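Here's a solo chain for you in structure tokens, the form solved without the partner chain.
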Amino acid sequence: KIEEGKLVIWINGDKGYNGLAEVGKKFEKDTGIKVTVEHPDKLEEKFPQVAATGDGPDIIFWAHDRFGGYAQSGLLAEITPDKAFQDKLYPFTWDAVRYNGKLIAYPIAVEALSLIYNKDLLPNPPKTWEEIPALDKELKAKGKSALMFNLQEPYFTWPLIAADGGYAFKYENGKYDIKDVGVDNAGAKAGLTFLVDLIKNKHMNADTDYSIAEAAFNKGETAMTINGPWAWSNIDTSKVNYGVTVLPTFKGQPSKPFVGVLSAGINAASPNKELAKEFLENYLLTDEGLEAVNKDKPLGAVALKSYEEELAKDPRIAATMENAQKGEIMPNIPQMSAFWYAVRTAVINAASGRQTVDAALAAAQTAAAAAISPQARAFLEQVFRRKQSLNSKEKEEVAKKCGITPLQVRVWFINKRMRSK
């Protein structure tokens, strides 16, 4: 589908989509072409599902880590800005959206998590994770808690897991080794054990999610939280007097948040590629365009040099970049999705007691390193249960929705049907 003559954009609900729509209005006013902005739930999972059949938005916004998978599946159109335009954004942001030699998206913002604390409840935030238990005990005696953050998404817990040595994929020569995962090494175990101990010792609740953590902090119930710039807006309206700073250290090591580059990709099936290019290059990626988005929900640090250097005057932005500096820009390779799913499961199981820390991370390593991820395998079985044979078109479709190779799909089905007698 995807109607030619207009632009449909998808951006996560925690971002300034209303601000983005304002940029869209400007675009429509100048060009006459309508821009509709939508914020579907689980949009990063839905995109492959719809784009696999040539449908979906013309433009998709998400951190660069999901884009290598999309590009590998041929769901993203190559972008080719002139050197003049590329010079307007930091070289490392273009690097983040380069896959197999091709730029596959326009960098927008550089996202990194930071420690957010209530200045009135804690004028001096802890420098180490180790201090949190004792700090929490004190606050509890006052009917308050020390720390609350989303424990359901590995994005928020990864900074601690990686602090003492945990890593996603090993960067050997000049590439990531998809078979060398570091979610089960000494550093990862130490990090996760500390997190589980916090929950075990009633310093945090295993079911605390994004909404719960945000409500408690903006209510003055907890002294600290971990989140990104997009959340500053709601805190401002809460009147809570907060500060944004470097994340606590662990075992004397800095927390290492995975840094994401919020980027805009163009659907390979879009019949509005030139219009998408014009919108992104001439309207959004301008000081005026980004400011409009920022006004709705803070983008944090950005890729556009001219705007980043103005934002740099803001201490919350310096804090964001300081944390970004301590962590690392995440890989954009296809396997990142399996990685995230693996850590998500491990943290949830370790925190609930379904698995010991060692058992949880052992399974995480296997899951993240698997040639066919558990998610992909599950999808394959669902399809197989309905049809044990697929033609070329169907195989291509399944692969795209799957985030796996067409040959992988083909051989899996063959192996699945093999018999001996």
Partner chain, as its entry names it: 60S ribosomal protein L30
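Residue numbers count along the first chain shown, from 1.
Here the subject shifts to the form deposited with the partner chain bound, a form of this protein not shown in this document.
Peer 1: Answer yes if any heavy atom of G54 is within 4.5 Å of a heavy atom of the partner chain in the deposited complex; otherwise answer no.
Peer 2: Contact with the partner chain, yes.
Peer 1: Contact between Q72 and the partner chain in the deposited complex at 4.5 Å, heavy atoms?
Peer 2: Answer yes; at least one heavy atom of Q72 falls within 4.5 Å of the partner chain in the deposited complex.
Peer 1: Under a 4.5 Å heavy atom criterion, is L275 part of the interface with the partner chain in the deposited complex?
Peer 2: Result no; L275 lies far from the partner chain in the deposited complex.
Peer 1: Taking the partner chain as it sits in the deposited complex, is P271 near enough to touch it, meaning that at least one heavy atom pair lies within 4.5 angstroms?
Peer 2: Yes.
Peer 1: Which of these stretches, 172 to 180, 72 to 80, 186 to 194, 212 to 220, has heavy atoms within 4.5 Å of the partner chain in the deposited complex?
Peer 2: Looking at the partner contacts, the answer comes out as 72 to 80.
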